[PDB]
Amino acid sequence: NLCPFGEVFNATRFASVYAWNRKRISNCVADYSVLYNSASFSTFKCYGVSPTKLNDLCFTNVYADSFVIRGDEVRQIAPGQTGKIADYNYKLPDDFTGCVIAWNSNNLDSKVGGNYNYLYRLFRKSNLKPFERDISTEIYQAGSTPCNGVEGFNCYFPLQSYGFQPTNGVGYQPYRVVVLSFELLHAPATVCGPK
Amino acid sequence: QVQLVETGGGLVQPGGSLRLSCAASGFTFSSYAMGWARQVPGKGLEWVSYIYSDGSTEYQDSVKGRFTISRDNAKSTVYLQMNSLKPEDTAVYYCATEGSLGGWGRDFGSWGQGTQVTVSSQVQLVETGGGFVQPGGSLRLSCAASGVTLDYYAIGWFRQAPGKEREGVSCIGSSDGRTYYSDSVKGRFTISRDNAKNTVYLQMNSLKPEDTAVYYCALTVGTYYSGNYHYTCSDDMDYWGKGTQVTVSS
Ligand SMILES: *[C@@H]1O[C@H](CO)[C@@H](O)[C@H](O)[C@H]1NC(C)=O
């Protein structure tokens, strides 16, 4: 009863960071060694756990958040970070326990002329709470004049396309990111490593 | 801030060895770990080696033993040694540092230019039309964009006046030419696109002394949503031009 990590990492499509996807993983055997012992992930950070011993751990549930962002912002997916991604798109809590895994997907997710279907939130009145998701598209009031729902000089559409193109520099190429959160609740564990 | 410079790329025959040097600046090199990755044209980026601040090293399985990674804190440098190279190793190698100090595991936070190794067998904006114009006169500024490859993009005109922070002036979308003007410039400045080339014209009318400023033309990528194209001209812009001075005085 293997956990469906293939469905998440080798997913048919990846979601926009502003609308990041969450899959709940429960009641299965998780083999992380296949994950860590590979060259496929540029980043494999973990907080509160050791990567070598993940197969020794037992959890009540796992949440898999996934999305695409630019490479230069992947460092922002960490406790205590600031920036457009952490502030307006996906915010990790200070006490996060879990792993953030990321890899360049230019070969899968770029198109000549730009993929405009991937978006991120560029403007927001306040920072997101941890694990909060905001999918609203209200016009952002950047100046003193009310916008009344009309796009204009100081009244911005709140989302922005990355426009990933294959000729971008590596720092500006698309990276797919999956954050696995390990839920620790006062209950019996249902997702454990191989016995 | 953080800068990485890579050297040592070149041409090598099969079975040869190579040394690559990566030097870092702008941050505490000693405390941060280091990593080396490779990208093959047409294939995704893959990591080849990693070294921690404590001396621990991680080598990829398919390249274990053949590759070596070392660090010298005195010169704040990392050395990558390749032995028994094969045609499968032809790629562009990149040098990376930890994005954050916390956490456990290998991290690639910053990316350098990289160096290409093989085994033997940009958008530019130019602003013109600035100068001195008498009060109440008219002018025509022109922004020429070269090397533009994006199908849909937004072009904005901004100005910075003496004693005032840079502020927006006008914005245009390429797909439909929708015109956005600032409150202080509405009804006086007219922005338009060139039908033949990728040049944006900006006609100044009823110029006033306060209009004296350095004007810049900038370009960014547009947004697609719900079958419609939206264009935004904010402070954060993908590219910026040199700009030209416009002086409205007697
Ligand atoms: C997806 O499949 C490829 C097959 O080569 C494999 O290398 C990769 O690790 C898989 N990713 C995951 C974790 O699903």
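Residues numbered from 1 in each chain as written, not as in the entry; some residues may be left out. Chains lettered and ligands numbered in written order. Heavy atoms only, no water. Residues with missing side-chain atoms left out of burial classes, pairs and counts.

Looking at the entry header, you'll see cryo-EM listed as the method and 4.01 Å as the resolution.

S.K.: Whenever I open this one, the overall build of chain A confuses me. Can you help?
M.R.: Check the secondary structure of chain A and you find 4 helices and 12 strands. Relative to the 2.2 N^0.38 estimate, which gives 16 Å for 195 residues, the radius of gyration of chain A is 18 Å and therefore close to what a compact globule would have. With respect to the principal axes defined by its C-alpha atoms, chain A has extents near 60 × 40 × 25 Å. Summarising the internal contacts of chain A: among those between residues at least 6 apart in sequence, 80% fall at separations of at least 24. (Helix = DSSP H or I, 4+ residues; strand = E, 2+ residues; numbered from the N terminus. Rg over C-alpha atoms; globule rule 2.2 N^0.38 Å. Contact = heavy atoms within 4.5 Å.)

S.K.: What exactly am I supposed to notice about the domain arrangement of chain A here?
M.R.: How big an interface is tends to be expressed through the accessible area that disappears when the partners come together. Residue and element names in this part refer to chain A. When its domains are assigned, chain A resolves into domain 1 (1–113 + 166–195) and domain 2 (114–165). For domain 1 versus domain 2, the separation of C-alpha centres amounts to 25 Å. With 34 residues of domain 1 in contact, the opposing surface of domain 2 contributes 26 residues. Taken together, the elements giving at least two residues each to the side of domain 1 that touches domain 2 come down to β5 (61–70), α3 (84–88), α4 (106–109) and β11 (174–183). Class assignment for the residues of the side of domain 1 that touches domain 2 results in 17 nonpolar, 9 polar and 8 charged. (Domains from an automatic or database assignment. Nonpolar A, V, L, I, M, F, W, Y, C, P; charged D, E, K, R; others polar.)

S.K.: Help me understand the pairing of β11(A) in this model?
M.R.: Within a regular beta strand, the side chains point alternately toward one face of the sheet and then the other, so they alternate between its two faces. Residues and elements named next belong to chain A. Of all 10 residues in β11, 10 are buried, a share of seventy percent or more. Burial of β11 is two-sided: the residues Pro174, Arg176, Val178, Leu180 and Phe182 facing one way and the residues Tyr175, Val177, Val179, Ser181 and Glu183 facing the other way are all buried. Note that strand β6 (residues 98–104) and β11 share 7 bridges and pair antiparallel. The residue of β11 that forms the bridge with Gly98 is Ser181. (Buried < 20%, exposed > 50% of the residue type's maximum accessible area, 1.4 Å probe, protein only. Pairing = 2+ DSSP bridges.)

S.K.: Help me understand the interface of chain B and chain A in this model?
M.R.: Facing 46 residues of chain B, the contacting portion of chain A comprises 42 residues. Counting residues per element, the ones that place at least two in the side of chain B that touches chain A are β5 (46–51), β10 (110–111), β16 (167–173), β17 (179–181) and β21 (223–225) of chain B. For the side of chain B that touches chain A, the per-class residue count stands at 17 nonpolar, 21 polar and 8 charged.

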